[PDB]
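Only one chain is shown below, in structure tokens, and it's the form deposited in one PDB entry.
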């Protein structure tokens, strides 16, 4: 019942698996881990419940994909063979949006850690969003998100919703930051090594 701990435990397993040469990452286990992140977006206010749904929709596709597909590589190789990589709703396309979700949380976590003593979430939330999603979300979406900033809870309140004190929240947020880093790099390299790009 400790959402940050579930997140930290799940991504630590992925970081371990992935710090192997030639890793075999199960879609099942990957999408499960990703869904553990979902509630964080809920904790960022009622406007951002919509950001949660947008994230949850992508993760849910990875979940359905995992019923008939073993690894993230196999998933991308299928889409590559059907030439449907960037088609709206393809597993690989959703995979890329989900990777950004993870990065989003990671940078948010960094920004929150680097802004201790500030009880407001506005600066960490806008900086992390500008960095991760500004190059990809259109003007329309970004305007909405910018409006969403006005419903942000306090820092202390967020922590209360995650049921952590300052010290514990810091350890589990830092853990996710540590674990998610090589995973994101691994996911980026999956797209780069197949010349798909990460910008679409």
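What we label the rigid core is the largest C-alpha set whose atoms superpose within 1.5 Å from one form to the other. Only residues modelled in both forms are compared. Residue numbers count along the first chain shown, from 1.
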Exercise for the section: Would you mind comparing 109-117 and 123-131 for me and telling me which has the higher average C-alpha temperature factor in the entry? Expected result: 109-117
Problem - Of the residues 136, 170, 142, 155, the one carrying the largest Cα B-factor as recorded - result: 170
Problem - Assigned third (lowest, middle, highest) for the C-alpha B factor of residue 174 - result: lowest
Practice task
Report the third (lowest, middle or highest) to which the CA temperature factor of residue 192 belongs, ranking only the modelled residues of the same chain.
Solution key: highest
Practice task
For residue 100, return the chain-relative third of its C-alpha B-factor as stated in the PDB record: lowest, middle or highest.
Solution key: lowest
Exercise for the section: Could you look up the Cα B-factor of residue 151 in the entry and say which third of the chain it sits in: lowest, middle or highest? Expected result: lowest
Completion exercise
residue 163: C-alpha B-factor third of its chain, per the entry, is the middle
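Keep in mind the form deposited in another entry is missing from the figure; the text below concerns it.
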Completion exercise
Listed 161, 63, 54, 171; moving between the shown form and the other one by 2 Å or more at the CA after core fit is just 54
Fill in the blank from the handout: What changes in that other deposited form is the Cα distance between residue 53 and residue 93, by 3 Å or more; the two atoms are closer
Exercise for the section: Say whether the C-alpha atoms of residue 53 and residue 43 sit closer together or farther apart in that other deposited form than in the form shown here, given that their separation changes by 3 Å or more. Expected result: farther
Handout entry: Moved residue ranges in sequence order between the shown form and the other one, Cα 2 Å or more, at least 3 long, core fit
Key = 46-54
